[PDB]
Amino acid sequence: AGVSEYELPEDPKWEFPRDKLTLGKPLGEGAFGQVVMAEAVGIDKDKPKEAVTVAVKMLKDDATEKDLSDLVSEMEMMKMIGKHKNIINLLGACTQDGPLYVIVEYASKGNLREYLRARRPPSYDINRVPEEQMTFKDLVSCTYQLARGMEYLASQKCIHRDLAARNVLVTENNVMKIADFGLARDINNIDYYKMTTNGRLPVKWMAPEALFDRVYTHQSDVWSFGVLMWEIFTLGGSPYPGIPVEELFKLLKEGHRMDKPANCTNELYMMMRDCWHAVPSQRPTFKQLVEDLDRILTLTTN
């Protein structure tokens with residue numbers, strides 16, 4: 001809907017009083033918005049005088065209409081999706097009489113790419129965390145958690161469309177959380193989502209159906225999840241290394257696929273390759289990936 005004339009309706013069950021929100025240090029500053037740490041007094045009903053640390057998503061000064069539209073759309077997607085352990089959960093919003101603030105769970109260890117890169121096995125980096133180096137089991141656990149979140153997402157008939165390590169957050173207790181639902185869509189009762197001619201989805205994570213046929217389904221999210229797996233098992237590597245997106249289009253049509261990451265078993269690399277099957281229906285579902293991943297994690301854990 002046209003944001004320049006749209007009045008955000010009252011939504012008492014999510015509304016949060018501005019006087020109870022204290023903005024703190026910035027957490028992130030993308031192109032389309034900004035996220036800051038805040039203290040939210042009484043946001044959890046169970047401790048009404050207690051302030052809880054939250055993250056607040058808001059517009060920047062030079063925001064566009066599409067920026068506002070995306071922030072609204074993200075807020076509305078998080079309402080319909082509901083709660084899961086592996087999803088950044090919506091906590092509240094300040095929508096009336098002032099700038100739109102979308103209040104979500106705080107993930108104190110930040111985005112997944114930097115989280116993995118800081119936990120790599122021995123450039124000079126002041127951000128490394130030697131005591132938390134990733135084991136193979138940690139990487140599989142990471143993957144399983146994200147597969148559980150996408151399984152819950154798919155079961156809500158929601159496509160995320162922008163799956164990638166940069167859109168995963170890690171909490172204080174090392175819980176993986178899918179974030180950034182600004183491009184997410186509800187596909188209940190439609191079979192597939194119809195893409196515009198040139199989309200706003202990063203090309204190196206897009207399924208071929210979406211790139212070339214303009215269609216997006218859950219199986220398209222499964223393709224992105226495969227690229228995400230590759231990011232995880234290279235410990236925050238960036239995909240199709242050395243291949244500019246302008247050459248990738250043709251390479252994908254010729255069946256080009258990324259090579260096996262150094263830290264990956266053949267088993268897991270085959271799982272990535274299955275996610276990148278040319279035929280969407282021949283990729284595993286998130287339900288199957290959860291089953292496979294649980295089986296592998298159970299073996300590794302023992």
# chains A, B, ... in the order shown; residues from 1 in each chain; ligands from 1
>>> residues_around(residues="range 168-173 of chain A", least_positions_apart="2", cutoff="8 Å", atoms="only C-alpha atoms", output="PDB file with N, CA and C atoms, in the first residue's frame")
ATOM      1  N   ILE A  88      14.195 -14.605  15.130  1.00  0.00           N
ATOM      2  CA  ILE A  88      14.149 -13.363  15.883  1.00  0.00           C
ATOM      3  C   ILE A  88      12.663 -13.046  16.129  1.00  0.00           C
ATOM      4  N   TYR A 106      16.895  -9.144  21.245  1.00  0.00           N
ATOM      5  CA  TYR A 106      18.310  -8.815  21.045  1.00  0.00           C
ATOM      6  C   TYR A 106      19.213 -10.062  20.931  1.00  0.00           C
ATOM      7  N   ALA A 107      20.038 -10.107  19.881  1.00  0.00           N
ATOM      8  CA  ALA A 107      21.017 -11.192  19.698  1.00  0.00           C
ATOM      9  C   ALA A 107      22.437 -10.655  19.933  1.00  0.00           C
ATOM     10  N   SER A 108      22.957 -10.880  21.134  1.00  0.00           N
ATOM     11  CA  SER A 108      24.178 -10.218  21.558  1.00  0.00           C
ATOM     12  C   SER A 108      25.460 -10.632  20.836  1.00  0.00           C
ATOM     13  N   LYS A 109      25.447 -11.734  20.103  1.00  0.00           N
ATOM     14  CA  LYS A 109      26.658 -12.145  19.392  1.00  0.00           C
ATOM     15  C   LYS A 109      26.617 -11.767  17.915  1.00  0.00           C
ATOM     16  N   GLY A 110      25.548 -11.091  17.496  1.00  0.00           N
ATOM     17  CA  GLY A 110      25.548 -10.458  16.191  1.00  0.00           C
ATOM     18  C   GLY A 110      25.296 -11.389  15.026  1.00  0.00           C
ATOM     19  N   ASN A 111      25.704 -10.961  13.837  1.00  0.00           N
ATOM     20  CA  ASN A 111      25.382 -11.706  12.624  1.00  0.00           C
ATOM     21  C   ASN A 111      26.248 -12.956  12.447  1.00  0.00           C
ATOM     22  N   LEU A 112      25.698 -13.959  11.769  1.00  0.00           N
ATOM     23  CA  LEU A 112      26.353 -15.263  11.652  1.00  0.00           C
ATOM     24  C   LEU A 112      27.675 -15.242  10.891  1.00  0.00           C
ATOM     25  N   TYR A 115      30.241 -14.009  13.182  1.00  0.00           N
ATOM     26  CA  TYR A 115      30.320 -14.958  14.288  1.00  0.00           C
ATOM     27  C   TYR A 115      31.205 -16.167  13.929  1.00  0.00           C
ATOM     28  N   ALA A 164      20.453 -16.064   4.239  1.00  0.00           N
ATOM     29  CA  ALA A 164      21.881 -15.887   4.094  1.00  0.00           C
ATOM     30  C   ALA A 164      22.464 -15.648   5.456  1.00  0.00           C
ATOM     31  N   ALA A 165      23.764 -15.902   5.589  1.00  0.00           N
ATOM     32  CA  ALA A 165      24.412 -15.735   6.869  1.00  0.00           C
ATOM     33  C   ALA A 165      24.242 -14.277   7.371  1.00  0.00           C
ATOM     34  N   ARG A 166      24.194 -13.310   6.466  1.00  0.00           N
ATOM     35  CA  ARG A 166      24.084 -11.926   6.933  1.00  0.00           C
ATOM     36  C   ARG A 166      22.730 -11.684   7.563  1.00  0.00           C
ATOM     37  N   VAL A 175      22.298 -19.479  20.274  1.00  0.00           N
ATOM     38  CA  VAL A 175      21.115 -19.889  19.522  1.00  0.00           C
ATOM     39  C   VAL A 175      21.051 -19.153  18.180  1.00  0.00           C
ATOM     40  N   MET A 176      20.954 -19.914  17.096  1.00  0.00           N
ATOM     41  CA  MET A 176      20.812 -19.350  15.757  1.00  0.00           C
ATOM     42  C   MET A 176      19.395 -18.788  15.540  1.00  0.00           C
ATOM     43  N   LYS A 177      19.312 -17.557  15.060  1.00  0.00           N
ATOM     44  CA  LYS A 177      17.995 -16.951  14.810  1.00  0.00           C
ATOM     45  C   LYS A 177      17.916 -16.315  13.448  1.00  0.00           C
ATOM     46  N   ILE A 178      16.943 -16.775  12.677  1.00  0.00           N
ATOM     47  CA  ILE A 178      16.664 -16.162  11.403  1.00  0.00           C
ATOM     48  C   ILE A 178      16.095 -14.768  11.647  1.00  0.00           C
ATOM     49  N   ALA A 179      16.636 -13.783  10.931  1.00  0.00           N
ATOM     50  CA  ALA A 179      16.182 -12.401  11.076  1.00  0.00           C
ATOM     51  C   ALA A 179      15.862 -11.811   9.696  1.00  0.00           C
TER      52      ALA A 179
END
>>> residues_around(residues="residue 68 in chain A", least_positions_apart="6", cutoff="9 Å", atoms="only C-alpha atoms", output="number ranges by chain")
A: 3, 32-33, 58-59, 100
>>> write_last_selection(atoms="N, CA and C atoms", output="PDB file, in the first residue's frame")
ATOM      1  N   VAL A   3       2.774   4.156   1.109  1.00  0.00           N
ATOM      2  CA  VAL A   3       3.178   4.544   2.446  1.00  0.00           C
ATOM      3  C   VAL A   3       3.071   6.071   2.702  1.00  0.00           C
ATOM      4  N   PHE A  32      18.926   0.436   4.020  1.00  0.00           N
ATOM      5  CA  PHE A  32      17.480   0.656   4.047  1.00  0.00           C
ATOM      6  C   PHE A  32      16.929   0.931   5.454  1.00  0.00           C
ATOM      7  N   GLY A  33      17.825   0.923   6.441  1.00  0.00           N
ATOM      8  CA  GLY A  33      17.436   1.135   7.819  1.00  0.00           C
ATOM      9  C   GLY A  33      18.579   1.078   8.820  1.00  0.00           C
ATOM     10  N   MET A  58      14.492   0.771  12.909  1.00  0.00           N
ATOM     11  CA  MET A  58      13.860   2.050  12.610  1.00  0.00           C
ATOM     12  C   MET A  58      14.371   2.568  11.293  1.00  0.00           C
ATOM     13  N   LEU A  59      13.764   3.639  10.793  1.00  0.00           N
ATOM     14  CA  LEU A  59      14.254   4.267   9.575  1.00  0.00           C
ATOM     15  C   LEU A  59      15.410   5.192   9.866  1.00  0.00           C
ATOM     16  N   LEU A 100       8.331   5.108  13.325  1.00  0.00           N
ATOM     17  CA  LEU A 100       8.038   3.708  13.536  1.00  0.00           C
ATOM     18  C   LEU A 100       9.223   2.963  14.162  1.00  0.00           C
TER      19      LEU A 100
END
>>> residues_around(residues="residue 72 in chain A", least_positions_apart="4", cutoff="9 Å", atoms="only C-alpha atoms", output="JSON, numbers by chain")
{"A": [8, 67, 68, 76, 77, 100, 102, 182]}
>>> select_by_dssp(residues="range 86-242 of chain A", states="strand (DSSP E or B)", output="PyMOL selection string")
chain A and resi 87+90-94+101-105+111+158-159+168-170+176-178+185-186+193-194+215-216
>>> select_by_dssp(residues="range 109-274 of chain A", states="alpha helix (DSSP H)", output="ChimeraX atom specification")
/A:112-117,136-155,208,218-233,245-253,266-274
>>> residues_around(residues="residue 291 in chain A", least_positions_apart="5", cutoff="9 Å", atoms="only C-alpha atoms", output="PyMOL selection string")
chain A and resi 144+286+296
>>> closest_residue(among="A:83, A:13, A:260, A:204", to="residue 248 in chain A", atoms="only C-alpha atoms")
A:204
>>> closest_residue(among="A:194, A:121, A:130, A:221", to="residue 159 in chain A", atoms="only C-alpha atoms")
A:221
>>> closest_residue(among="A:1, A:37, A:43, A:116", to="residue 19 in chain A", atoms="only C-alpha atoms")
A:43
>>> residues_around(residues="range 269-285 of chain A", least_positions_apart="6", cutoff="10 Å", atoms="only C-alpha atoms", output="NGL selection string")
:A and (147 or 150-151 or 154 or 207-209 or 216-230 or 233 or 252-253 or 255-261 or 263 or 291-293)
>>> closest_residue(among="A:262, A:74, A:131, A:95", to="residue 160 in chain A", atoms="only C-alpha atoms")
A:74
>>> atom_distance(atom1="CA of residue 46 in chain A", atom2="CA of residue 27 in chain A")
26.3 Å
>>> closest_residue(among="A:92, A:28, A:48, A:99", to="residue 11 in chain A", atoms="only C-alpha atoms")
A:92
>>> closest_residue(among="A:21, A:129, A:146, A:183", to="residue 94 in chain A", atoms="only C-alpha atoms")
A:21
